[PDB]
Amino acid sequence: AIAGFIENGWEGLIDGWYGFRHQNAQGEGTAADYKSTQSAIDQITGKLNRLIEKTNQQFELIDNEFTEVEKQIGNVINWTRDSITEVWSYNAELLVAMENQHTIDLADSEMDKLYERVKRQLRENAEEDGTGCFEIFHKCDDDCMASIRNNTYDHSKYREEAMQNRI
């Protein structure tokens, strides 16, 4: 038996992030979805371009390892630096934490957007099983399964048949 994303993920889904597991008369299958997988990769790659910048600002020595500077100014420098170190440590931590929270929610949102897309193309010919699948109330051969995936499935073709089987 077979389950969707509401239960868990698919350790078997190798060539994509998001996908389809179908069960029919011919058997059981898993194909990846390209556009929803790519959209989530691009979004993440966009963060990396932002955060893998190298600073253009140049900084020179103010200080000296070999011959220590006068105490007072050295202490001011050491203090100024530490306050700055505090700031960047805070910023760095918050940024990663904020971005990670968003990276998660971003990807959940992409799963969400695919499932509610399918539900809409399947129209009145299927029901939500609650694990992230649709019980299709008609016969759906490997072709009909492939027409859902590649968003060509026309629901009116199977409507009268399916409608009747839900009653």
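Note that residue numbering follows the sequence shown and begins at 1.
Judged by mean Cα B factor in the deposited record, 52-60 ranks above the other of 101-109 and 52-60.
Ranked against the other modelled residues of its chain, the C-alpha B-factor of residue 133 as given in the entry falls in the highest third. Among the modelled residues of the chain, residue 38 sits in the middle third by CA temperature factor in this PDB entry. In the deposited entry, the Cα temperature factor of residue 69 places it in the lowest third of its chain's modelled residues. The PDB entry assigns residue 139 a C-alpha temperature factor belonging to the highest third of its chain's modelled residues.
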